[PDB]
Amino acid sequence: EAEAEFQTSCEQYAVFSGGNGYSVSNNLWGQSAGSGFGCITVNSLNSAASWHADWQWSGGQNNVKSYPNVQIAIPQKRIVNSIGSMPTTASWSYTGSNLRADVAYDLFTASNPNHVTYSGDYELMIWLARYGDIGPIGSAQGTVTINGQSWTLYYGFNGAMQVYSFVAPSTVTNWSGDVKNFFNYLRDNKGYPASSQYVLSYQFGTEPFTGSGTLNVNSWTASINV
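Residue 36 in the entry's author numbering sits at position 36 of the sequence shown, with consecutive numbering throughout.
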């Protein structure tokens, strides 16, 4: 027997697209660094994305094995400061054991609108969860308030890329926000050049190190407006 609408794969670079501009990617870019597997299953792509990633990784204790994620298409890149809003909602859960992984938004920006979309002048991460001894790069900058919620801000370098990571003080399995609030904070408190940086990508997923786990994304939405 068989079924259509089959949007499941354990392939390194499997990608499924549909609904309002969503693509779900297995993205096992660091699979070389370990042993095991990563799979994704798309339940539904409409106005929202529903999907799950299932994985088991051992070895390469200190290396990300993958970033299975959902993201939105951005055919036309726009300047951060010109973008009106970047609303998003996320409803998710993690199951498994010995989880060394995170759950986070990931966005890249650059002054070059044709920059490759998987890196940039800057990277903005918003971590909704963290398991085990894994954390963002850089060093703690302190706690900040964005739209009435606390985040611990980290700041560091990857080569020439500057990375800002906003980490929730406890797991947030159910969230709603606007990434514009985070850019505004960086612009007004950190000298982030919002007037000259283009949003290259807008992703949400998990970075697994080791363990065995299933990230279930009950629902995710995101868009870039005006």
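By construction, the Cβ of each residue, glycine as well, lies at the ideal position given by its N, Cα and C atoms.
What residue does the beta strand (DSSP E) around residue 164 start on, and which one ends it?
161–167
Would you check if there are 3 or more beta carbon pairs closer than 8 Å linking the segment 160–175 to the segment 112–123?
yes
Count the other C-beta atoms from every protein chain shown that fall within 10 angstroms of the C-beta of residue 32, then say buried if there are 16 or more, exposed otherwise.
exposed
Are the CB atoms of residue 88 and residue 177 nearer to each other than 8 Å?
Yes, Cβ-Cβ distance for residue 88 and residue 177 is below 8 Å.
Where in the segment 117–199 do unbroken runs of the alpha helix (DSSP H), each at least 4 residues long, occur, reported from the N-terminal end onward?
180–189
Thinking C-beta only, is residue 107 closer than 8 Å to residue 179?
Closer than 8 Å, so yes.
Quick one: residues in its chain with C-beta nearer than 6 Å to the C-beta of residue 7, no 5 flanking neighbours on either side, listed in chain order?
16 and 42
Tell me whether residue 111 sits in a helix, a strand or coil according to DSSP, three-state version.
Looking at residue 111 - three-state DSSP - the assignment turns out to be coil, as it is neither helix nor strand.
What does the alpha-carbon distance come out to for the pair residue 29 and residue 202?
18 Å
Quick check on residue 53: buried or exposed, where buried means 16 or more other Cβ atoms within 10 Å of its Cβ?
buried
Taking Cβ positions, are residue 79 and residue 192 nearer each other than 8 Å?
no
Are residue 155 and residue 138 touching if we call contact CB-CB under 8 Å?
Inclusion of residue 155 and residue 138 in the CB contact set at 8 Å is warranted, their separation being smaller than that value.
Quick check: what's the CA-CA separation for residue 71 versus residue 1?
32 Å
Let's test the definition: count the other Cβ atoms within 10 Å of the Cβ of residue 208 and tell me whether it reaches 16, buried, or not, exposed.
buried
Could you spell out where the beta strand (DSSP E) holding residue 39 opens and where it closes?
35–45
Considering only their Cβ atoms, is the gap separating residue 211 from residue 27 smaller than 8 Å?
no
Looking at residue 225 and residue 91, is the spacing between their C-beta atoms short of 8 Å?
no
When the Cα atoms are used, what is the spatial distance from residue 168 to residue 221?
Cα to Cα, the separation comes out at about 19 Å.
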